[PDB]
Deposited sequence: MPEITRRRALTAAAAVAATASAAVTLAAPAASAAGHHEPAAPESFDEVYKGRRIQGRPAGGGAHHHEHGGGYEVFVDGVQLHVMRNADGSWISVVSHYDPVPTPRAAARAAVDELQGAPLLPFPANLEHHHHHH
């Protein structure tokens, strides 16, 4: 069963998640309406293409880590 959807403003940016050249993912995350590629590992942890090597427990945590990494920068589509 996929994680729940979410929607919040984090550090001034809108992050959203929802169940659904890259993999076929069961879950989508967006930062200011631009899709953030994210991936689930076997142990249930999550990563994203802006923080691929540092697993975090949830897709919201991956979206927040991405906002932290981006330092205000617009995300580009994958």
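Enquirer: Could you list, start to end, the deposited-sequence stretches with no C-alpha atoms?
Expert: According to the deposited record, C-alpha coordinates are absent for 1-39, 60-65, 124-134, which together make up the missing parts.
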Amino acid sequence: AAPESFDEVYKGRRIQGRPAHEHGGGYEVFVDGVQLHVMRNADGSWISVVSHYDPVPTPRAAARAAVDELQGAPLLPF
From here on, numbers count along this sequence of modelled residues.
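Enquirer: Relative to the other PDB entries of this protein in the set, is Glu22 coordinate-less in at least a third?
Expert: Yes, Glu22 lacks coordinates in at least a third of the other compared entries that model both of its neighbours.
Enquirer: According to the deposited model, is the average Cα temperature factor higher in 22-30 or in 48-56?
Expert: Taking the mean B-factor of the alpha carbons in each, 22-30 is higher.
Enquirer: Using only the Cα atoms and their B-factors as the entry lists them, report which of 60-68 and 6-14 averages higher.
Expert: Averaged over C-alpha atoms, the B-factors run higher in 6-14.
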